[PDB]
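# Examination of the molecular architecture
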Amino acid sequence: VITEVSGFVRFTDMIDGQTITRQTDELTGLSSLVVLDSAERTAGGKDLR
Amino acid sequence: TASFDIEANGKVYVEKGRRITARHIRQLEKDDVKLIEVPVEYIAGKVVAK
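## Examining the overall build of chain B
- Per the secondary structure count, chain B includes one helix and two strands.
- For chain B, the sequential pattern of α-helices and β-strands runs β-β-α.
- What you see for chain B is a C-alpha radius of gyration of 12 Å, clearly larger than the 10 Å of a compact globule of 50 residues, by over 25%.
- Pairs at least 24 apart in sequence give 34% of the contacts found in chain B among residues at least 6 apart.

The following block contains the structure:
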């Protein structure tokens, strides 16, 4: 995804443990955040996007 | 995958949210354990037999 403007990035409606999974890869290069799909999530976060 | 913490006799083997690698499998072979602690939320995903 490419943006058209440049500025400060903020996290809106992003809570850990429900909609995003923070996994640590065994290689030292990869430490990234993964967004969970809206099918295998719990019942408390159906509208949280 | 390991969604819960595997605990037996006070020793930590695989933490929460960690992938199971064959080195951990070899550690489980070298430990000789067959009884761990499992929470309540893991039991509801199983299917009864009889």
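## Brief notes about the overall build of chain A
- Looking only at helices and strands, chain A has zero helices and two strands in total.
- By principal-axis analysis of the C-alpha atoms, chain A measures approximately 35 × 30 × 15 Å.
- Among the 49 residues that make up chain A, the fraction classed as buried is 12%.
- Here chain A has roughly 4,800 Å² of accessible surface; of this, 53% comes from carbon and sulfur atoms.

## Remarks on the side chain of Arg41(A)
All names here are of chain A.
- With respect to the secondary-structure elements, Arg41 resides in the segment after β2 (33-35).
- One buried charged side chain, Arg41, makes no salt bridge at all; its nearest oppositely charged neighbour is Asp47, positioned 7.0 Å away.
- A polar contact of 2.7 Å, which involves the side chain of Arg41, links it to the backbone oxygen of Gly45.
- In this view, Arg41 contacts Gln18, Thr19, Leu36, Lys46 and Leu48; residues no more than four positions away in its chain are not counted.

## Description of the packing of aromatic side chains
All names here are of chain B.
- Scanning the entire structure with this criterion turns up one aromatic pair over all chains.
- Summarising the aromatic geometry, the rings of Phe4 and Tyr42 are spaced 5.1 Å apart at their centres and angled 55° between planes, so their arrangement reads as tilted. Residue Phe4 is located in the segment before β1 (6-8), and its partner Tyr42 is located in the segment after α1 (22-31); the two are separated by 38 residues in the primary sequence.
- By relative accessible area, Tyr42 is classed as partly exposed at 41%.

## Considering the nonpolar core
- Residues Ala2(B), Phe4(B), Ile6(B), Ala8(B), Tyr13(B) and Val14(B) constitute the largest nonpolar core, which totals six residues.
- Those residues in contact with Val14(B) that sit more than four places away from it in its chain are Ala2(B), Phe4(B), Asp5(B), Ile6(B) and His24(B).

## Concerning the side chain of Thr19(A)
- For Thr19(A), the position within the fold is in the segment before β1 (20-22).
- If we skip the residues at most four places from it in the chain, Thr19(A) touches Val35(A), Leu36(A), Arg41(A) and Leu48(A).

## Focus: the pairing of strand β2 (residues 11-14) of chain B
- Sheet topology note: the β1(B)/β2(B) ladder contains three bridges and is antiparallel. Following the sheet pairing, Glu7(B) is matched in β2(B) by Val12(B).

What counts and what doesn't
Residues numbered from 1 in each chain as written, not as in the entry; some residues may be left out. Chains lettered and ligands numbered in written order. Part of a larger assembly, values for the part shown. Heavy atoms only, no water. Residues with missing side-chain atoms left out of burial classes, pairs and counts. Helix = DSSP H or I, 4+ residues; strand = E, 2+ residues; numbered from the N terminus. Rg over C-alpha atoms; globule rule 2.2 N^0.38 Å. Contact = heavy atoms within 4.5 Å. Buried < 20%, exposed > 50% of the residue type's maximum accessible area, 1.4 Å probe, protein only. Areas by Shrake-Rupley, 256 points an atom, 1.4 Å probe, with all protein chains shown as cover. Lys, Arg positive; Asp, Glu negative; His and termini not counted. Salt bridge = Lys/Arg side-chain N within 4 Å of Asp/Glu carboxyl O. Polar contact = N/O pair within 3.5 Å; in protein donor to acceptor, adjacent residues only side chain to side chain. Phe/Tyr/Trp six-rings, centres within 6.5 Å; stacked < 30°, edge-to-face > 60°. Core = buried A, V, L, I, M, F, W, Y, C linked by side-chain atoms within 4.5 Å. Pairing = 2+ DSSP bridges.

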